[PDB]
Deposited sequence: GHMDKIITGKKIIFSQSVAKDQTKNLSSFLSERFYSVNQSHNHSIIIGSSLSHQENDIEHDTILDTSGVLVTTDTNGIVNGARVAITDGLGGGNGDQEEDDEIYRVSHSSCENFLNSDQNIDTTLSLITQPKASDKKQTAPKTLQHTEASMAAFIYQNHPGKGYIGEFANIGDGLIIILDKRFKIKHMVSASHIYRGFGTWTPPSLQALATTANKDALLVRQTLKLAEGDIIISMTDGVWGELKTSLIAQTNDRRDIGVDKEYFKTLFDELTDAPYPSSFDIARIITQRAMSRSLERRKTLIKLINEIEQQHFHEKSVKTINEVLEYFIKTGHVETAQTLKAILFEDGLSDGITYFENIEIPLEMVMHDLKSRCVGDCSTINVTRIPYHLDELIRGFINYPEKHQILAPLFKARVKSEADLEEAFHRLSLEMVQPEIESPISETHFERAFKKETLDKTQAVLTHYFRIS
């Protein structure tokens, strides 16, 4: 049915020095876009990337997200293919263009295949790289919805039920490469590597009606509270703190049928709020360090820096520096060791060189209700009423179940423009009430 893949987004990314006096609403409007396939699938894509002092004239978003909705022989929606990709590197427009090409083409080749996830990965893999988190789900007669999940790199997939209780998490992976360096697996590495199951996370799950599937690149989920799941000698598995993730959906508990966009917007707001606080804290810490002129005070190590701040009453500044260095407070993947002497110049060269933010993308998918989708096809394809009407005798348990299905349909919202800047997203009802009321009266009569 519908196939949508996000387009290359290029924004003007102001420096942290100029975003420092910016509120969250202004930050989001300048940097983010929404793509909405329907009430039940939505994409938010943008860039929180920023240099500390220089503006980035052409900041290309190097993520891609896409969806293909599939149907049965009657045209009733019964599944979907979803993929999200994260182009590795970049942030030179020529170089950025080549990275985006691989990120976009990897997403589209996943969507365009008509194979199971294992065969699809074999076809799209066999020197720029992109990571990928992707899944396929389909209704199977006598079995219900089954979802196949694959994650390659440090994207993240989370599966929730209709009440936003976490059901499963397809964790992010880093592979240890020696010399203190960790790297997210890439899809292209999956083709040029001896060991495949080390780079690829696979899971197959039964899904229920109304389940929520959220896929995120690290630019989004890395800004939330994170949790180390496991770390072997060669592998690091990372996800979001599950206790913190549930508190995001506290905002939707009274919504009878929230759109995927509403779900995606709540998560993006929280991730970018934390990212905005982090970048303001960073440039504040660097200025407070430089104000001390440690070079002229024989302060040459981080431990001497921390003791200076603790002895002068600025213990909060010391604790902030410790969090950044030893707990990776900025979620940059850089962690200093606590039982060693660290030169201040090494840390200052690091801190002043750091960018903040990243390409940031999230897609949200709701697993459709079987009865609702039968009604959708019955309304959209009146020429097939002779084929579709007999199917109601096996999908309707009661008139109350019918009423519930029509209530969900009356709440559905669509974005006719499909794509727009996030502060220009215009939604309207998916159905006119007169259409649903006439259809519901017909089915109640036929019953």
| request: In sequence order, name the stretches of the deposited sequence that have no C-alpha in these coordinates. | output: 1-2, 94-95, 131-145, 467-469
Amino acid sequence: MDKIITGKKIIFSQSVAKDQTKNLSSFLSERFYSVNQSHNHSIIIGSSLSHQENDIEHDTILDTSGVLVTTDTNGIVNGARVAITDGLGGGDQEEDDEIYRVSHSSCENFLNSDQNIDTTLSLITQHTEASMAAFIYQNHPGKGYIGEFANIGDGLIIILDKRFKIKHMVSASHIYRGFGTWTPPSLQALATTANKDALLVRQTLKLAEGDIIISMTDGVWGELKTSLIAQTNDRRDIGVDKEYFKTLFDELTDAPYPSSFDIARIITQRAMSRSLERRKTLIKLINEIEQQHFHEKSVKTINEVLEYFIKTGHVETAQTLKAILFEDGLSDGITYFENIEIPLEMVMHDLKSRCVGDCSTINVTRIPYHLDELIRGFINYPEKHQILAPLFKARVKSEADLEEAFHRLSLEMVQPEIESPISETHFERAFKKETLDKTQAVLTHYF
From here on, numbers count along this sequence of modelled residues.
| remark: Averaging the C-alpha temperature factors as deposited, the higher value of 341-349 versus 205-213 falls on 341-349
| Quick one: higher average CA temperature factor, 288-296 or 149-157? | 288-296
| Most elevated Cα B-factor in the entry, residues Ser360, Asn78, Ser275, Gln319 | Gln319
| message | Just to confirm, going by the entry's C-alpha B-factors, which of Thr365, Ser259, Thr193, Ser131 comes out highest? | response | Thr193
| field | Modelled-residue ranking by C-alpha temperature factor, third containing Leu252 | value | middle
| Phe110 CA temperature factor, ranked by third within the chain | middle
| query | Mind checking which third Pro390 falls in for C-alpha B-factor across the chain? | reply | highest
| Where does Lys22 sit by CA temperature factor within its chain: lowest, middle or highest third? | highest
| task | Divide the modelled residues of the chain into thirds by Cα B-factor and specify which third, lowest, middle or highest, holds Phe135. | result | lowest
